[PDB]
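See below for the structure under consideration.
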Amino acid sequence: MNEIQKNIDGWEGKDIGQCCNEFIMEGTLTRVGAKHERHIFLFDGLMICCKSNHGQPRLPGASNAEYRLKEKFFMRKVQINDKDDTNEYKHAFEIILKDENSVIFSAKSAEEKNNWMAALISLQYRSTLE
């Protein structure tokens, strides 16, 4: 949370570093829904999306959370759906995470795209097996 506290906001949650906080997957996905980006961070406890659009003051006031940790407790059952055509589109797909919510991630790394969906498919996979 120390190396993450400088990329979150209100560090939501009641002590996670003790419950886990083991960032399963570390990566930043863009939300193709209004030119918006956020540093995604699926924790072994839940999913946390660190919003990222602009900066904020109070930098010299001990801080550096340019982003904003967004509560996303669905990793326990996600559903990524790489619904894109790059060749025809940019580089984003639909993400169907628990709590019935669809997103529009935007990756630029063939690996990230795979690690983006693989990571999600990793947990979502534990929602029936393992």
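If you're wondering about the labels, chains in the structure tokens are A, B, ... by order shown, residues count from 1 in each chain, ligands from 1 in order shown.
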Applying 8 Å and only C-alpha atoms, which residues near residue A:117 remain after dropping the ones on its own chain fewer than 3 positions away? List them as a count of residues only.
7
Residues of stretch 59-104 of chain A at most 8 Å from stretch 122-125 of chain A: nearest atom pair and distance in Å, only C-alpha atoms, as a Markdown table:
| residue | atom | partner | partner_atom | distance |
| --- | --- | --- | --- | --- |
| A:75 | CA | A:123 | CA | 6.0 |
| A:76 | CA | A:123 | CA | 6.0 |
| A:77 | CA | A:124 | CA | 4.2 |
| A:78 | CA | A:124 | CA | 4.7 |
| A:79 | CA | A:124 | CA | 6.4 |
Within 8 Å of stretch 10-12 of chain A, counting only C-alpha atoms, which residues show up once you throw out same-chain ones fewer than 2 positions away? Write them as JSON, numbers by chain, please.
{"A": [5, 8, 14, 68, 69, 70, 71]}
Which of chain A fall in helix (DSSP H, G or I), as a list in words
residues 5, 6, 7, 59, 60, 61, 75, 76, 77, 110, 111, 112, 113, 114, 115, 116, 117, 118, 119, 120, 121, 122, 123 and 124 of chain A
Written selection (N, CA and C atoms) as a PDB file, in the first residue's frame:
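Output below, filename again25.pdb:
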ATOM      1  N   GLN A   5       0.070   3.587  -2.434  1.00  0.00           N
ATOM      2  CA  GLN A   5      -0.528   4.761  -1.821  1.00  0.00           C
ATOM      3  C   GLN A   5      -0.240   6.005  -2.664  1.00  0.00           C
ATOM      4  N   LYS A   6       0.767   5.883  -3.517  1.00  0.00           N
ATOM      5  CA  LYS A   6       1.153   6.984  -4.381  1.00  0.00           C
ATOM      6  C   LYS A   6       0.597   6.744  -5.786  1.00  0.00           C
ATOM      7  N   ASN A   7      -0.656   6.312  -5.827  1.00  0.00           N
ATOM      8  CA  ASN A   7      -1.313   6.041  -7.093  1.00  0.00           C
ATOM      9  C   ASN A   7      -2.764   5.630  -6.832  1.00  0.00           C
ATOM     10  N   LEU A  59       0.618  18.088  -3.557  1.00  0.00           N
ATOM     11  CA  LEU A  59       1.711  17.197  -3.912  1.00  0.00           C
ATOM     12  C   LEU A  59       2.837  17.344  -2.886  1.00  0.00           C
ATOM     13  N   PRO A  60       3.146  18.625  -2.551  1.00  0.00           N
ATOM     14  CA  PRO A  60       4.195  18.914  -1.589  1.00  0.00           C
ATOM     15  C   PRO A  60       3.727  18.619  -0.162  1.00  0.00           C
ATOM     16  N   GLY A  61       2.479  18.188  -0.060  1.00  0.00           N
ATOM     17  CA  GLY A  61       1.899  17.869   1.233  1.00  0.00           C
ATOM     18  C   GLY A  61       2.012  16.372   1.530  1.00  0.00           C
ATOM     19  N   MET A  75     -13.625  -9.160  -8.938  1.00  0.00           N
ATOM     20  CA  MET A  75     -12.599 -10.085  -9.390  1.00  0.00           C
ATOM     21  C   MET A  75     -12.967 -11.528  -9.035  1.00  0.00           C
ATOM     22  N   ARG A  76     -13.731 -11.662  -7.960  1.00  0.00           N
ATOM     23  CA  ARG A  76     -14.158 -12.975  -7.507  1.00  0.00           C
ATOM     24  C   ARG A  76     -14.974 -13.674  -8.596  1.00  0.00           C
ATOM     25  N   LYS A  77     -15.310 -12.907  -9.623  1.00  0.00           N
ATOM     26  CA  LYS A  77     -16.085 -13.438 -10.732  1.00  0.00           C
ATOM     27  C   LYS A  77     -16.189 -12.377 -11.830  1.00  0.00           C
ATOM     28  N   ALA A 110      -0.038  -6.386 -26.861  1.00  0.00           N
ATOM     29  CA  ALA A 110      -0.567  -7.697 -27.196  1.00  0.00           C
ATOM     30  C   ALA A 110      -0.544  -8.586 -25.951  1.00  0.00           C
ATOM     31  N   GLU A 111       0.497  -8.403 -25.152  1.00  0.00           N
ATOM     32  CA  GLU A 111       0.649  -9.178 -23.932  1.00  0.00           C
ATOM     33  C   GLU A 111      -0.355  -8.710 -22.877  1.00  0.00           C
ATOM     34  N   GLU A 112      -0.448  -7.396 -22.735  1.00  0.00           N
ATOM     35  CA  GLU A 112      -1.362  -6.810 -21.770  1.00  0.00           C
ATOM     36  C   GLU A 112      -2.799  -7.239 -22.071  1.00  0.00           C
ATOM     37  N   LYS A 113      -3.139  -7.197 -23.351  1.00  0.00           N
ATOM     38  CA  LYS A 113      -4.473  -7.577 -23.784  1.00  0.00           C
ATOM     39  C   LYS A 113      -4.754  -9.018 -23.353  1.00  0.00           C
ATOM     40  N   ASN A 114      -3.731  -9.851 -23.485  1.00  0.00           N
ATOM     41  CA  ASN A 114      -3.854 -11.250 -23.114  1.00  0.00           C
ATOM     42  C   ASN A 114      -3.767 -11.380 -21.592  1.00  0.00           C
ATOM     43  N   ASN A 115      -2.860 -10.604 -21.015  1.00  0.00           N
ATOM     44  CA  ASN A 115      -2.668 -10.622 -19.574  1.00  0.00           C
ATOM     45  C   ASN A 115      -3.805  -9.852 -18.902  1.00  0.00           C
ATOM     46  N   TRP A 116      -4.480  -9.038 -19.701  1.00  0.00           N
ATOM     47  CA  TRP A 116      -5.587  -8.242 -19.198  1.00  0.00           C
ATOM     48  C   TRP A 116      -6.809  -9.157 -19.077  1.00  0.00           C
ATOM     49  N   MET A 117      -7.012  -9.959 -20.111  1.00  0.00           N
ATOM     50  CA  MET A 117      -8.135 -10.881 -20.133  1.00  0.00           C
ATOM     51  C   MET A 117      -7.794 -12.178 -19.394  1.00  0.00           C
ATOM     52  N   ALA A 118      -6.530 -12.564 -19.496  1.00  0.00           N
ATOM     53  CA  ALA A 118      -6.064 -13.777 -18.846  1.00  0.00           C
ATOM     54  C   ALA A 118      -6.164 -13.609 -17.329  1.00  0.00           C
ATOM     55  N   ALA A 119      -5.740 -12.441 -16.865  1.00  0.00           N
ATOM     56  CA  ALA A 119      -5.776 -12.143 -15.444  1.00  0.00           C
ATOM     57  C   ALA A 119      -7.222 -12.213 -14.950  1.00  0.00           C
ATOM     58  N   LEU A 120      -8.108 -11.596 -15.719  1.00  0.00           N
ATOM     59  CA  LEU A 120      -9.519 -11.581 -15.371  1.00  0.00           C
ATOM     60  C   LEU A 120     -10.076 -13.003 -15.459  1.00  0.00           C
ATOM     61  N   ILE A 121      -9.730 -13.674 -16.548  1.00  0.00           N
ATOM     62  CA  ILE A 121     -10.188 -15.036 -16.765  1.00  0.00           C
ATOM     63  C   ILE A 121      -9.562 -15.953 -15.712  1.00  0.00           C
ATOM     64  N   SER A 122      -8.500 -15.454 -15.095  1.00  0.00           N
ATOM     65  CA  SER A 122      -7.804 -16.216 -14.072  1.00  0.00           C
ATOM     66  C   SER A 122      -8.690 -16.357 -12.832  1.00  0.00           C
ATOM     67  N   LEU A 123      -9.185 -15.221 -12.365  1.00  0.00           N
ATOM     68  CA  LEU A 123     -10.043 -15.205 -11.192  1.00  0.00           C
ATOM     69  C   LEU A 123     -11.405 -15.799 -11.554  1.00  0.00           C
ATOM     70  N   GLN A 124     -12.043 -15.183 -12.539  1.00  0.00           N
ATOM     71  CA  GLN A 124     -13.347 -15.640 -12.987  1.00  0.00           C
ATOM     72  C   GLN A 124     -13.355 -17.163 -13.132  1.00  0.00           C
TER      73      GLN A 124
END
Residues at most 12 Å from residue A:30, counting only C-alpha atoms, excluding those fewer than 3 positions away in the same chain, as a PyMOL selection string?
chain A and resi 27+33-40+49-53+90-95+103-109+112-113+116
For the residues in that selection, give me C-alpha atoms as a PDB file, in the first residue's frame.
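out_25.pdb, freshly written:
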ATOM      1  CA  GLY A  27      -1.465  -2.973 -15.303  1.00  0.00           C
ATOM      2  CA  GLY A  33     -15.961   5.588 -23.070  1.00  0.00           C
ATOM      3  CA  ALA A  34     -14.809   9.187 -22.848  1.00  0.00           C
ATOM      4  CA  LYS A  35     -11.047   9.224 -23.262  1.00  0.00           C
ATOM      5  CA  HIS A  36     -10.255   8.096 -19.737  1.00  0.00           C
ATOM      6  CA  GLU A  37      -7.435   6.062 -18.241  1.00  0.00           C
ATOM      7  CA  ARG A  38      -6.889   4.265 -14.955  1.00  0.00           C
ATOM      8  CA  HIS A  39      -4.199   2.112 -13.390  1.00  0.00           C
ATOM      9  CA  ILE A  40      -5.946  -1.216 -12.943  1.00  0.00           C
ATOM     10  CA  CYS A  49      -9.179   0.432 -10.563  1.00  0.00           C
ATOM     11  CA  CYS A  50      -7.048   3.499  -9.951  1.00  0.00           C
ATOM     12  CA  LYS A  51      -8.704   6.223 -11.991  1.00  0.00           C
ATOM     13  CA  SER A  52      -6.358   8.499 -13.902  1.00  0.00           C
ATOM     14  CA  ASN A  53      -7.384  11.616 -15.787  1.00  0.00           C
ATOM     15  CA  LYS A  90      -8.555   1.399 -31.886  1.00  0.00           C
ATOM     16  CA  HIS A  91      -7.643  -1.003 -29.108  1.00  0.00           C
ATOM     17  CA  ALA A  92     -10.289  -1.690 -26.491  1.00  0.00           C
ATOM     18  CA  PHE A  93     -12.793  -4.348 -25.495  1.00  0.00           C
ATOM     19  CA  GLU A  94     -15.781  -4.960 -23.253  1.00  0.00           C
ATOM     20  CA  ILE A  95     -15.209  -6.148 -19.705  1.00  0.00           C
ATOM     21  CA  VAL A 103     -16.422  -1.710 -19.036  1.00  0.00           C
ATOM     22  CA  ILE A 104     -14.353  -0.712 -22.045  1.00  0.00           C
ATOM     23  CA  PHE A 105     -10.663  -1.316 -21.457  1.00  0.00           C
ATOM     24  CA  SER A 106      -8.020  -0.164 -23.909  1.00  0.00           C
ATOM     25  CA  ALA A 107      -4.711  -1.992 -24.105  1.00  0.00           C
ATOM     26  CA  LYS A 108      -1.805  -1.391 -26.455  1.00  0.00           C
ATOM     27  CA  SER A 109       0.269  -4.412 -25.511  1.00  0.00           C
ATOM     28  CA  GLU A 112      -1.362  -6.810 -21.770  1.00  0.00           C
ATOM     29  CA  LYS A 113      -4.473  -7.577 -23.784  1.00  0.00           C
ATOM     30  CA  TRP A 116      -5.587  -8.242 -19.198  1.00  0.00           C
TER      31      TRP A 116
END
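All residues in stretch 67-122 of chain A with a DSSP state of strand (DSSP E), computed from the backbone, read residues 68, 69, 70, 71, 72, 80, 81, 93, 94, 95, 96, 97, 101, 102, 103, 104 and 105 of chain A.
From atom CA of residue A:21 back to atom CA of residue A:58, the distance works out to 25.9 Å.
The coordinates place atom CA of residue A:42 at 9.2 Å from atom CA of residue A:73.
One finds atom CA of residue A:128 at 25.8 Å from atom CA of residue A:13.
Counting only C-alpha atoms, the residue from A:102, A:72, A:126, A:9 that sits nearest to residue A:55 is A:9.
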